[PDB]
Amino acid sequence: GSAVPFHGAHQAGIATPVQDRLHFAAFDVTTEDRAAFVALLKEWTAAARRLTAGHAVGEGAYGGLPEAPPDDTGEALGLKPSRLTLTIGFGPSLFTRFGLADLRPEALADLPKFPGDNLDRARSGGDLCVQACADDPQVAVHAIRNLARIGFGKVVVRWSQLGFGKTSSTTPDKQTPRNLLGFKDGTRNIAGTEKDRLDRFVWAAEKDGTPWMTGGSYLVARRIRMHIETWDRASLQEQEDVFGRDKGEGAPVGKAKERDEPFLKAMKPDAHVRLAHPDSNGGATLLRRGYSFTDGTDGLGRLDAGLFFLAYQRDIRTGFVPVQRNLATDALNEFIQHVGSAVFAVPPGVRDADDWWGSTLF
């Protein structure tokens, strides 16, 4: 129920322990007024400071003038902060506005088309994103709802995705969660304590070429549908062969324990772990931070199920792209389809109470 500090050299919500729930929103910008957008970023930052401390936005949820709408919509009253983090990112399309063309980071690369992609353009892209993570879904929805309200007339929600449970880990001391295929997902990630690895693989540095992004990161989001009918009729051995880890313990094939190091040559050549491992990708390493989803039925008698894959990295071109390119032959591809995609530049942290989201850019 505790608060996660909002201020820092980096935004929270990346290296932070992974919270139970996600509400991710992508927004498009509808104002051409730079000043008006800056004013919004400042108002959003002020709101975020309140929300992440478990306080209502503005002048509160009640006790104001009866004839005015409340400043806060009120559905989080009486709730703890619930480890809420709010992480903002800027999409490539933002940089066509407000005289920002020359400030688009090279590391903010458009993704190439990957074999098997079936991207819904309506649930892809976005000028900006807010990732709300919390242990309480109500706290996360409240945050997104109030941000959108504050932004009325300046931004619209383009698409959103709720995640009912995590399928990632930045805390190797704690139990690794399972995805909806039944496997542990997050064993070999980057932990929030691994400062050297975060600097090497996750945080943008000044020397990378875009000074305003120093201390930020780059985010890839992929909405991935899972073919659970197809998966659920596969044998145990087929499932384990797909990954290169056993299902029960999640140990690498041949070994006894989850956290024993993979011996890649014992895996099938098309095993997911083998193809995704840094050693198979010239050292490319990602911070994975995704969540599971189910959005009803598919209209053909089955549950809908998928994984909202999020990865943070220092450079999209040296993180997600190489690794996804190497998954072209993945055995897992029989059972998944990417159906939504977005990339974002996640700026540096809000340093103190006078700072604001995007201040280094604007």
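Here, rigid core means the biggest group of C-alpha atoms that superpose within 1.5 Å across both forms. The numbering used is simple: start at 1 and walk along the sequence shown.
In summary, of the stretches 177 to 185 and 158 to 166, 158 to 166 shows the greater Cα distance from the shown form in 5 other deposited structures of this protein, with structures fitted on the rigid core. Between 257 to 265 and 168 to 176, the larger mean CA deviation from the shown form in 5 other deposited structures of this protein, after core superposition, belongs to 168 to 176. Stretches 94 to 102 and 242 to 250 differ in mean C-alpha B factor, with the higher average recorded for 94 to 102.
The PDB entry reports B-factors from which the mean C-alpha value can be compared for 177 to 185 and 119 to 127; the larger average falls on 119 to 127.
Highest C-alpha temperature factor among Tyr62, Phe309, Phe335, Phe293 per the entry: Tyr62. Residue set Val202, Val220, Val139, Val157: peak C-alpha B-factor at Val157 (per PDB entry).
Placement of the Cα temperature factor of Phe164 within the chain: lowest third of the modelled residues, per the deposited record. Per the deposited record, the Cα B-factor of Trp231 falls in the lowest third when ranked against the other modelled residues of its chain. Among the modelled residues of its chain, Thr210 has a C-alpha B-factor that falls in the highest third, as given in the PDB entry. Among all modelled residues in its chain, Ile14 ranks in the lowest third by Cα B-factor.
Per-chain ranking of the deposited C-alpha B factor places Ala39 in the highest third.
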